[PDB]
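Next up: the same protein chain in two forms, each one alone, written as structure tokens (structure 1, then structure 2).
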Structure 1
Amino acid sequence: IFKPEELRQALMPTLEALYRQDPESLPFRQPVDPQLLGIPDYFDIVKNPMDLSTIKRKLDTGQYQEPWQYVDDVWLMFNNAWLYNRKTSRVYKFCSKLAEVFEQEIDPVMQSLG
């Protein structure tokens, strides 16, 4: 079992690492709004939207009971972008960078948590 503040402390660096990627975090710092973007098909393809600001709020408000729930949300964010977007699009390429950063940061953290 994990204490919520200790879980948040252990995982925050990996979230910070994502946020610090400039420009690659920028499309992910806030939710995709399909109405503002005029992409009505978005929620037909992305059933469970996720972004860095939502992940932050969850990490901050004790919404992850276990480390894997956070990891799943990070992966959901990535998979949504890789499903919806063209491989050579800015969003898709930016997403691949965040995943590269995340895989490098998360792995030693989960080993210390486990």
Structure 2
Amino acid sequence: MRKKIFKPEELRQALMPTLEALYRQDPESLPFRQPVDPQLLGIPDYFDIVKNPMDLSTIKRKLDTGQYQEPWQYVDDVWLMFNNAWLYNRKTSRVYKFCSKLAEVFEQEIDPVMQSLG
């Protein structure tokens, strides 16, 4: 099977608008722009529950520097960010609701872009 047919710089160009769409969500992107800081947020159990943290700044730096070698690796990091927030936070919470808003934006933005890689 063929692997890594796209250049990382091709993935950067194709996928960047889906990431920019998340950054444009105000105020829903604000809890996701920087890594969760458990000390600042007073949630000392965060790293016990969330074993692989992810946030927009980490995704952005990986995409900007061509670290994604397959399109699904980017998609998996975005989903990891969402799934961590839904896992840790109460379904009734503001962060949980804001996560769901971002995931809805991402779903609408990502489907046509993945088709354009077909």
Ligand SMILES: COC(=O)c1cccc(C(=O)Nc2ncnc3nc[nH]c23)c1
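Between two forms, the rigid core is the largest collection of C-alphas that superpose within 1.5 Å. One-based numbering along structure 1's sequence throughout.
Shown as structure 2 is the form solved in complex with this ligand, with the alternative form given as structure 1. Here the rigid core is superposed, and residue 86 then shows its C-alpha moved by 0.6 angstrom between structures 1 and 2. When the rigid core is fitted, residue 38 shows a C-alpha shift of 2.4 Å between structures 1 and 2. Comparison between structures 1 and 2 places the CA of residue 6 1.7 angstrom away from its other position, after core fitting.
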